[PDB]
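Inspection log for the structure reproduced underneath, given as structure tokens.
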Amino acid sequence: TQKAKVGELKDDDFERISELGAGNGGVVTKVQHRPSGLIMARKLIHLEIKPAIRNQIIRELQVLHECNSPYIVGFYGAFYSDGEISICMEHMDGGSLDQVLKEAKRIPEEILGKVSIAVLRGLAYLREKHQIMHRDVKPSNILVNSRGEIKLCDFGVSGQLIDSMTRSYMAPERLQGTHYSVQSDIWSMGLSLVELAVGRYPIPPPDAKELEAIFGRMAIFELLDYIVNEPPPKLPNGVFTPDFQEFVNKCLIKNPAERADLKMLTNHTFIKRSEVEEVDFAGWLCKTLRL
Amino acid sequence: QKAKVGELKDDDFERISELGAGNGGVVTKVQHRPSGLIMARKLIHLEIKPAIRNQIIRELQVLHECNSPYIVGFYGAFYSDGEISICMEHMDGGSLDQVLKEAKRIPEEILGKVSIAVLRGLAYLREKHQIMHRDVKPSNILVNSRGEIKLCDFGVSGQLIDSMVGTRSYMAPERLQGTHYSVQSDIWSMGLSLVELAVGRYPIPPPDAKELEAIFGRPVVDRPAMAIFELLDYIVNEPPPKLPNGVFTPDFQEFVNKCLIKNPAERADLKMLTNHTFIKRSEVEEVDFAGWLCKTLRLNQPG
Ligand SMILES: Fc1cc(I)ccc1Nc1c(-c2nnc(NCCN3CCOCC3)o2)ccc(F)c1F
Ligand SMILES: Fc1cc(I)ccc1Nc1c(-c2nnc(NCCN3CCOCC3)o2)ccc(F)c1F
Ligand SMILES: Nc1ncnc2c1ncn2[C@@H]1O[C@H](COP(=O)(O)OP(=O)(O)OP(=O)(O)O)[C@@H](O)[C@H]1O
Ligand SMILES: Nc1ncnc2c1ncn2[C@@H]1O[C@H](COP(=O)(O)OP(=O)(O)OP(=O)(O)O)[C@@H](O)[C@H]1O
Ligand SMILES: [Mg+2]
Ligand SMILES: [Mg+2]
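Pasting the structure below:
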């Protein structure tokens, strides 16, 4: 729903409530707005750029106001502060998908189906309605909440934000050199699903007995070498359904052309089956995260 | 600069200018209240915060015993809402990377003076303490209006390293291949650093004859920016970069080449380099580094 309740945001209007997370050039915090008692997450990006294009970075970030979908995280506002640029966004009380993976040892297919949908649609939104790819899809960038919503976060709307800036989710074609598009995010999403499926980052593909700690039946160049030159991870053909099996196996074909695309996936039998399934995802969330 | 205050309080600091950020750190121009001394403060926003964070500062303390005209000063370090703060000597000339932006490419005689301090600073940390730099690169070679060339961001604390982006790498071929960091690794980082400052750009995609003619035309012999894997896979498997012919002295040429031998065991060590005729020549030919630094940076100050 829409934040007409507020408007222009300055620094003072905010008050720290909690600490949400930290990343590579970014601290996020639960804060409250003065004018309207809205809990919104505040993204501090500590940076150094001339008093000239910091406006240009804010200007390019303003198209986020034009980004509205129940699968794209709500964007309240962005401004320049003495030290950092803030991005205030819809507060997702379920946090990140790896956060919830940190609690729940693995994430079940039924849920992963609901995730796949929400990402596929979210991806499609930015592509259809804004002509831009989500060049950083990963579990930490899929935000959930107690309302039962799964939403995408942290996409490169701003070209000059990108320029001014243990695991890797990047696609073969993105590492190898040229030829990179919306097929890259498919790979990203694919791996991300396989992660939450098995339980850990699956690029060293778990061995014959690795996953057995769940059921009955290292270097940075070395990593990049594996992704580029070695077979992709697969879901073990036991606990997961042939259709989920096939879904991720279609997302992790190295050749981007061979790899399935948005439409092929969105009409994949796994997605369709997931689309009509009844799952208390808001319930499963609260059963684990406790809120 | 052996300025003293010296027990540092968070609220004693005042944000003046932002200095930059990268690779897990945020450098800020700050002012100290009970001394009036403009220092640099680095925000390493480190996550985990138990007795390990307590070992980090305790390990960092050896930086008080770290004194050489070739190593950046250190006022102290403290815990401040998780994110640790290393407070260091403000180098008003900025990084060598900064001088490369304002200057064209750096003249090979000035690099000689730079080359002395990297080797000497490198050797100081190596011999007096037992740590190595793990991050030699233009942005980590700091200069000043007094004419000093110094070194920072070297790994004093083991814990801080184990506690913490590939736009363009300075890592040696053999390190990328997971054999642990040596002296020779810094040496490689120095070579590439030199070739960078000599030529005016990151050399790893090497300049083709045509491009070299646009740099210092036309004495010339032996577009897009490489992707992450593409880059490293180049650094490893492809031949090392070289200084162009007929522009820099044959001695400078052999110096940097000894620095950039892919085989780390065949690479020049600190002794070879310090006794190299390029470094010998560079010592006797006293050149006004302060005059050059200040005149190309419009920074002329009384030291
Ligand atoms: F916080 C947000 C909320 C929403 I809703 C949409 C975008 C963002 N943030 C970003 C971001 C962004 N948000 N978080 C990060 N973190 C850094 C991710 N990277 C890691 C390594 O290399 C490059 C980027 O980048 C980048 C570009 C851009 F145009 C944005 F709008
Ligand atoms: F800020 C400083 C000032 C001084 I004088 C000396 C060291 C540091 N900083 C560090 C640092 C440090 N300061 N900045 C970085 N950033 C680079 C991170 N990388 C480490 C290794 O390889 C690539 C990048 O690391 C690391 C370990 C350590 F023990 C330190 F004391
Ligand atoms: N709107 C939000 N609501 C709740 N939690 C959030 C929100 N945005 C981010 N977070 C949390 O804060 C953390 C930091 O996010 P940030 O994008 O700065 O880094 P990251 O996603 O962890 O990794 P990277 O630096 O690679 O992006 C995330 O892991 C996420 O759990
Ligand atoms: N003591 C200092 N005095 C003045 N400027 C400094 C000092 N230390 C760092 N800087 C500036 O801050 C900038 C960013 O420093 P920082 O070390 O965070 O990233 P970096 O220099 O790119 O190296 P790395 O990414 O490996 O940390 C540098 O370009 C340098 O100009
Ligand atoms: Mg993120
Ligand atoms: Mg540095």
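In order, the protein sequences belong to chains A and B.
Going letter by letter, the first sequence gives residues 59 to 223, 230 to 281, 316 to 389 in full-length UniProt numbering.
Going letter by letter, the second sequence gives residues 60 to 223, 228 to 285, 313 to 393 in full-length UniProt numbering.
Virtual Cβ for every residue (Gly too), placed ideally from N, Cα, C.
Simplified DSSP state of residue i, which is helix, strand or coil
i	result
residue 244 (chain B)	coil
residue 213 (chain A)	coil
residue 351 (chain B)	coil
residue 312 (chain A)	Placed between 281 and 316 in the numbering, residue 312 (chain A) has no coordinates, as chain A goes from one to the other without interruption by modelled residues.
residue 134 (chain A)	strand
residue 338 (chain A)	coil
residue 205 (chain A)	coil
residue 103 (chain B)	strand
residue 259 (chain A)	helix
residue 74 (chain B)	strand
residue 94 (chain B)	coil
residue 146 (chain B)	strand
residue 65 (chain A)	coil
residue 235 (chain A)	coil
residue 252 (chain A)	helix
residue 272 (chain A)	coil
residue 277 (chain B)	helix
residue 222 (chain A)	coil
Residue i Cβ short of 6 Å to ligand 5 heavy atom set
i	result
residue 198 (chain A)	yes
residue 212 (chain A)	yes
Residue i: CB within 6 Å of a non-hydrogen atom of ligand 1
i	result
residue 131 (chain A)	yes
residue 223 (chain A)	yes
residue 215 (chain A)	yes
residue 101 (chain A)	yes
Contact test: residue i Cβ vs ligand 4 heavy atom, cutoff 6 Å
i	result
residue 82 (chain B)	yes
residue 191 (chain A)	no
residue 248 (chain B)	no
residue 154 (chain B)	yes
residue 60 (chain B)	no
residue 202 (chain B)	no
residue 285 (chain B)	no
Short CB-CB distance (under 7 Å) between residue i and chain B
i	result
residue 218 (chain A)	no
residue 326 (chain A)	yes
residue 239 (chain A)	yes
residue 345 (chain A)	no
residue 80 (chain A)	yes
7 Å Cβ cutoff, residue i in contact with chain A
i	result
residue 153 (chain B)	no
residue 294 (chain B)	Examination of chain B shows a numbering gap from 285 to 313; residue 294 (chain B) is inside it and therefore has no coordinates.
residue 280 (chain B)	no
residue 317 (chain B)	yes
residue 292 (chain B)	Here residue 292 (chain B) is not present, the numbering of chain B passing from 285 to 313 in one jump.
residue 77 (chain B)	yes
Residue i beta carbon near ligand 2 (any heavy atom closer than 6 Å)
i	result
residue 255 (chain B)	no
residue 76 (chain A)	no
residue 151 (chain B)	no
residue 271 (chain A)	no
residue 359 (chain B)	no
beta-carbon residue i near ligand 3 non-hydrogen atom, thresh 6 Å
i	result
residue 147 (chain B)	no
residue 219 (chain A)	no
residue 79 (chain A)	yes
residue 157 (chain A)	yes
First and last residue of the uninterrupted alpha helix (DSSP H) at residue i
i	result
residue 183 (chain A)	167 to 188
residue 90 (chain B)	Unbroken run through residue 90 (chain B) is the beta strand (DSSP E), 85 to 91; no alpha helix (DSSP H).
residue 110 (chain B)	110 to 119
residue 322 (chain B)	318 to 327
residue 61 (chain A)	Counting along the chain, residue 61 (chain A) falls outside any alpha helix (DSSP H), and DSSP gives it neither H nor E.
residue 367 (chain B)	367 to 374
residue 386 (chain B)	379 to 387
residue 362 (chain B)	360 to 364
residue 333 (chain B)	First-last for residue 333 (chain B): undefined, no H or E at that position.
Range of the contiguous beta strand (DSSP E) that encloses residue i
i	result
residue 202 (chain A)	200 to 202
Check each residue of the region 104 to 119 of chain B: if its Cβ is closer than 8 Å to any Cβ of chain D, include it; give the result in chain order.
Given the protein chain composition of this structure (A and B), no chain D is represented.
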